[PDB]
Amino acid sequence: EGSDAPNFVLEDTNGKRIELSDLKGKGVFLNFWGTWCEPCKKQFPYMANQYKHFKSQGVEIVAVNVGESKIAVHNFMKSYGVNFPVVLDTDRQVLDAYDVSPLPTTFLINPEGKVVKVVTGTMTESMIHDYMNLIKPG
């Protein structure tokens, strides 16, 4: 759209305070997910591999888990090779702020804090790569 991404503050799995507006200057691949979401099992390892490249190119991932316990979320991260920030939307406030319907949904947010594209359903590693390029600082 080019619309303003709603700001939010959540904690990551180790207690790190992450506020979306502090990531201006970086692309944010904002991925709403749950451990029961089948596509996330294949998308997570693609995202981890791509992050190896993109983290130093100024694209951040914030993988917003929707409402699940730390133990289940940590277990999923171990299972699927997660090396990127995962935050806990424990009471669905951020999911609701983004008006998210199906999971997974990814918002591609550019370095200015604007939503440039919203994607739902399945995506391959090539698509993820291309998506991250859309939001990297120029």
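From 1 onward, residues are counted along the sequence shown.
Student: Could you check the entry and say whether 105-113 or 50-58 has the higher mean CA B-factor?
Tutor: Per the PDB entry, the higher value belongs to 50-58.
Student: Of 128-136 and 1-9, which one has the bigger average CA B-factor?
Tutor: Mean B over CA atoms: larger for 1-9.
Student: Report the option among 85, 81, 27, 34 whose CA atom has the maximum B-factor in the deposited record.
Tutor: Among 85, 81, 27, 34, the PDB entry lists the largest C-alpha B-factor for 81.
Student: From 75, 65, 69, 43, can you pick the one with the highest C-alpha B factor in the entry?
Tutor: Highest CA B-factor of the listed options: 69.
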